[PDB]
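Participant: no FASTA, just this:
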Ligand SMILES: CCCCCCCCCCCCCCCCC[C@@H](O)O[C@H](CO[C@H](O)CCCCCCCCCCCCCCC)COP(=O)(O)OCC[N+](C)(C)C
Ligand SMILES: NC(=O)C1=CN([C@@H]2O[C@H](COP(=O)(O)OP(=O)(O)OC[C@H]3O[C@@H](n4cnc5c(N)ncnc54)[C@H](OP(=O)(O)O)[C@@H]3O)[C@@H](O)[C@H]2O)C=CC1
Ligand code: SF4
Ligand code: SF4
Ligand code: SF4
Ligand SMILES: [Zn+2]
């Protein structure tokens, strides 16, 4: 199995895990954690970056000498994608944008780019492809965000039959846009939210790479508890000791989180989901100058 | 043949080197 | 023998006391320091206009490493591994094997320039003048990996700097 | 009484203040502990030599000389006369470098900052001599346990004489800036006074002894290389304060100039290392033409020389004080133990007593007058 | 006196080829001194000497406008000096390569290169030894 | 003044070694064999304690 | 059209302002700091390039790690690095900071400061001469001249 | 015979008394440390960690070893009281960033050559 | 130093000492960078006879 | 004796031998052995219980008055029952002389601290506790001085690994510096340099 | 004499070249692979064989002290040519 791809060492920084991962969109919120988890076990990471290298400067300490290679690419171009995934045996797609741009709308970000990545990964002989899309992604959605997410899911499934699709819902992390977004507001009682910890999603992606029978499966990474939006925002404002983006985001946050009991979740990957209360203090300690919100199950 | 040549002080040594403190007085009562 | 630095007894007559009082009240020594600084302002500075002028160096100066070769063009290194054994920082890794013609040559010769301390022990333990520490010092790098030299890099360095490397060795080999 | 932490050489200092006063001072060291003494046990003596440049990285050749003297004493060999004269010459040059560093950085911490540049020009010149004689500006590794690595290039002595004949006015400009200045005196006079008995008991050495009136110097009392063949005076303080130690260091600069002149005039001819190819390597030509020379070069640069078993404590008068090494050899080419004694350790230990009932700003003056380089403190 | 120093300033301006060359050297080297030309480089570098200046400023180089592959009108560095002029410029010798040139060898580079860090031409380390342990290759003919 | 305790000495808790490097390692106490390439016998005088060989692998960079 | 031209001109002006005023803070950890102080000396005059001498941690632009980083010292280094504003660049000076150097196989030494902070320029030597540190600073200046933030923002 | 020079205690009762004293001191310090260093753990978790660190040495039967361990424990307690330690040092007790090393035979057989 | 006489007088008066006698900038008075070959005499034990190693 | 051999001094040898015999006569309760090196270095081996008396005598006696403590260190010899060897180096300015006092201890037996005799010993003793684990009794403040806070083990013991057990890096997941089991990209090459054909017949040992 | 690998890479003088399936080639994409063009084996192959009329010859590599240790080469075997162990030069007796 290409002997140089055999794991060696003790799973440390200088060890060899046999994983050669190309992580598209690694300069994001989830990309940094994925690259950290991949590099701390000794895997080789190719980081394809669109921005200036200064914005990729923080990824360098995450791996040992030569374990992280940074490469320029363009989403509109197929040759760059081809040359970035030439030698990888794992490809992870984390490309996403929450708003509109005069160069990239939702269809290019969530449909065209994932389709190109999947097609080139299949033509290049990549063994594993991992794709990330929203939990509430449905074709019949009012929002173009989640409609494009669903179309991208279908198209990447068509292009890469053995692709693993992950559908995380409202991940909350130190550098997230869920707890910070609510804490920066300084409407509900019918909408329910099911937030998932950033580290849980990172470990889920890592295990899905490791898991042998998670080839064509579809996962839904969700947290331990379902929260009404009003009391969740109340708890967010209470933890920060505080008294209580154009159109798509408010529509998305007003939508309730779906429930998909038939799909496997984090439990299938041997991960105990972390409740929000434990990490809420960690996230919101920086918004300052106990009575956790009630849940529904 | 060749005669020994290495770094040596010149004949008669070097010139005197001043090392005492020299703090002059400008002069006004 | 020994000296006393601060056992000078000031005079207590009226003239010395008046001089000390005038020094205290009119700040003579502070103005004296001002005069010294003013004098230093009016003399030529010691600055050189880098990178157009360069600081003086000598043939003994030791900077970036290089692997040399004979005038025929065949590399001097015979894989004796004395430079590897003498290296205080363990910055040299060597692997050898017989060549196609049976020559004793290295198939791997790496120097970790982030481990090297630039002591010059390697170039003085070499019996065949193969490894030298040349006069280049402007080889700063944007990544850690490019400071990990292999045999090809050192051979290219030797081919690149051979002219003045040989000139310096000619100038300094009688002291060795 | 509040406890405050002056954190990040690099030093962490835990002090309790009752208003302006200092009640307890606690230096926390180990921020530059690299484990040099343990790493030496894994090297041969020649491989262990370059560690001493990095020990006290302001006075390099003095550490080289102390290590070389210890290894010579254990090996039962002596260096040739020209090697000894070169050693004393470069030791005095190193003393000049160290004292410039100490005085200029002390004044810079006080706030003067002009003599720093004035004298770092001369430091750069002295650096050129190191570069010319060895090929490295700072960590030369020139002085070896058998003598010196190489002989002087043909033009070095003239340039040393030309540099040393103009240095007196540089010291004089420094003294104009600092010696008679009233602000400098009020910053340093009657600060950090230590009595002779307390300085002696606490393990002080160098100026910390001489500043308190104790007439002690290792170059005079226990001379090592050729220091008994040169004449110089030893400045002695009277009050034990920072001002007296500053004066002592300046007068040491002048006496070092005197010794440098004497060393230039009396340089003898001859070889540079012990003519015993089982300790010092043969010349390159001899190695390339003779069989015994090649065998000895091979064995010395792969295994090294075997030192007879025994333990020694060899100390020299480094510019910072008594610098010593306790070297234990089990009979192989790899030292069994190498304890390194630096005066900075004892001086920083005495810092707590030295700063009783002083201002917060006086602690900087005391640290400066101790001249603490944390490479030798932490080792 | 003052008239003499102003006269030497005017001669200094005139010795750079007029006002355009004076301004060019002022904006490229931040220095407008004039010295005797020691030699010319194959890449366009010029080398000047003035023994009346103190040690360190008695030798200098004006870098070329265009080196191997980029415009170095503004982007200059000390790695553009070829080894022979490197030895002369750093005062390792008193003899420029013009008076006596270095020995010529068939393996010495004919075209000096600069420090290529942060460039597609940068050095990438790799292992130079071959594969140590050879795996077994199963036969392609079925066993039964 | 004297405890006069009767128990076998064991300083394991005071050395700072990790727990896995104590009950899993196997030291070997031996007099090293003479190198047959040489006839000298000065390296066969003392006893040596050495640990068992563990895994060594090739670095992906620089090998 | 005109938008890309104007954004490129603004980007060039911002880069020129940034690289013409570099305010460094230096950890005088070990011997390499001495050579740092020789770059500030009259002969080299790091000030004449617009690079001030001993800026404060609050308004520092570039970080020079000049010496050996130990296990007892790494958290302090990272804490100081996190304090720096805006665009911050790190320069690793000497073998000890680059990859551990002569104390690489030591129980109390961090094997390279790039385990703790991201490094932009690696200056090799033991110690690097003030010439070499000046060369590294000028190389960092050229690298800053190369970067292009506003053009990427426009094409984003 | 087997007679040795004491350090602080003469028999196991005094050593046990000193161990109880040290445990009381650490137990009282846990919440103050958790608040002061701005921890991410709870006080119950910190006291559980203290209990685990104590139980790690529960097999010692030598009063000299026990009271030397007690001396060390007071040393780290003194380090923690005076905030000599940074936030990182306190965590070094929890190994939060290390991957879980399995103990069963099959897992060790699969992962590597390590026994 | 190529300094005008008036500037030399001003600097000498301000410092109080004659600066031109001993300047801190190095000039043609230094030694040449290219030197003749040396010879470097041999040590005392380079004899051909009566030089048995057991005696030294 | 040619210029390649370090000359011997016999006057100092005899003086040091006489003074060592003098110290031995005065303090027979503690002194176990006295030696003089071939390079005129006097060392005294004493029982551990006599650290405070003997040192005090050497500090306070009119003939000795060794007022300065040059250095205090420990040497680790694992093959001995008493593992650690405590060495005191003393300097006498009145007589321009140096002496060495040597003592033995093990992992569990403490040593009386000589802070009451020499203040300089204070920090030195701390270092020993930090580097060898030797406990010093009646010390004003005994704690680590060189190693990192919470460092487990004493690095200068001969059985401590050269590279230690843990190494430090930065983790962005926890946003802090963490410690992990040590893994080296290049393991330290161990060189067998000891040669057969012993060098010094003067130090030969009986073949038991 | 620098050869080219079947993939397209350059093979060094030691015979090193990543094969088709080796992932490590990714380190060279968008960058360059450092290969020395001057091969010592080819350069020493083209040297002329020196003719001396003595049964034993001496070789120090040329340059005296700037070469390699002096060695002596026997030329009795007329079948082949005596080769210096250090320099790689060849010597041979004037047969016929
Ligand atoms: C009053 C209104 C102000 C509005 C805001 C503007 C701020 C103040 C306006 C002043 C602008 C100053 C620009 C002048 C800088 C040119 C410097 C030039 O000489 O440098 C050279 C030219 O380099 C670059 O090619 C030039 C880039 C400068 C920017 C070009 C003009 C941009 C101005 C746009 C202003 C519009 C403002 C709109 C918002 C209000 C290269 O030097 P460098 O490489 O460094 O150093 C190399 C070292 N050497 C010399 C020894 C070899
Ligand atoms: N709360 C959350 O964040 C959860 C995220 N989603 C999905 O998870 C994925 C990653 O999330 P997250 O890391 O937070 O998103 P980020 O906003 O942090 O960045 C996503 C990455 O994709 C790259 N990227 C974005 N747009 C483009 C583009 N048009 N062309 C090229 N590259 C682009 C970005 O690089 P650059 O710096 O150049 O812009 C960036 O590195 C996304 O696909 C998202 O849809 C799943 C549930 C919610
Ligand atoms: S210069 Fe010294 S440290 Fe560097 S490779 Fe040579 S021997 Fe090793
Ligand atoms: S470089 Fe010299 S010392 Fe090193 S292996 Fe080659 S021939 Fe031997
Ligand atoms: S060894 Fe080199 S890098 Fe380390 S402190 Fe000394 S000079 Fe600096
Ligand atoms: Zn030959």
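Facilitator: Perfect, thanks for sending it. Residues are numbered from 1 along each chain as shown, chains lettered A, B, ... in the order given. Ligands and ions are numbered 1, 2, ... in the order given.
Participant: Any part of stretch D:318-334 near chain J?
Facilitator: Yes. If you take Cβ under 8 Å from any Cβ of the partner chain as the test, stretch D:318-334 does meet chain J, through D:322, D:324, D:326, D:328, D:331, D:332, D:333, D:334. No exception for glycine: its C-beta is placed from N, CA and C like everyone else's.
Participant: got the residues you listed as JSON lines, with secondary structure columns?
Facilitator: Shown next, in JSON lines, are the residues of stretch D:318-334 next to chain J (DSSP: H, G, I helix; E, B strand; the rest coil):
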{"residue": "D:322", "secondary structure": "strand"}
{"residue": "D:324", "secondary structure": "strand"}
{"residue": "D:326", "secondary structure": "strand"}
{"residue": "D:328", "secondary structure": "strand"}
{"residue": "D:331", "secondary structure": "coil"}
{"residue": "D:332", "secondary structure": "coil"}
{"residue": "D:333", "secondary structure": "coil"}
{"residue": "D:334", "secondary structure": "coil"}
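Participant: and of the residues you listed, the nearest to chain C?
Facilitator: Using Cβ to the nearest Cβ, residue D:333 comes nearest to chain C of these, at 11.6 Å.
Participant: all helices of the chain, in order?
Facilitator: All of this refers to chain A. A:29-40, A:53-56, A:78-84, A:106-107, A:113-123, A:144-159, A:179-183, A:198-210, A:229-239, A:248-254, A:276-284 (DSSP state H).
Participant: oops, chain G please
Facilitator: G:2-19, G:32-39, G:74-83, G:94-99, G:130-146, G:149-155.
Participant: how deep is residue 70 tucked in, by neighbour count?
Facilitator: By default, I'm working from chain A. 18 (other Cβ atoms under 10 Å in any protein chain shown).
Participant: should've been chain H
Facilitator: Residue H:70, neighbours per other Cβ under 10 Å, totals 21.
Participant: State the distance from it to residue K:3.
Facilitator: 71 Å (Cβ to Cβ, to the nearest Å).
Participant: do residue A:278 as well
Facilitator: Residue A:278 is 61 Å from residue K:3, where distance means Cβ to Cβ.
Participant: if I look at residue G:1, how far off is ligand 5?
Facilitator: Distance, residue G:1 to ligand 5, using Cβ to the nearest ligand atom, to the nearest Å: 51 Å.
Participant: Then residue A:93?
Facilitator: The gap separating residue A:93 from ligand 5 is 43 Å, by Cβ to the nearest ligand atom.
Participant: Then residue E:32?
Facilitator: 37 Å.
Participant: And the residue nearest the centre of chain J?
Facilitator: In chain J, the residue lying closest to the centroid (Cα atoms, centre = their mean) is residue J:74, at 2.7 Å.
Participant: For the residue nearest the centre of chain F, list each beta-bridge partner.
Facilitator: Nearest to the centroid of the C-alpha atoms of chain F, with distances taken as Cα atoms, centre = their mean, sits residue F:50, at 3.2 Å. Following DSSP bridges, residue F:50 is listed with bridge partners residue F:28.
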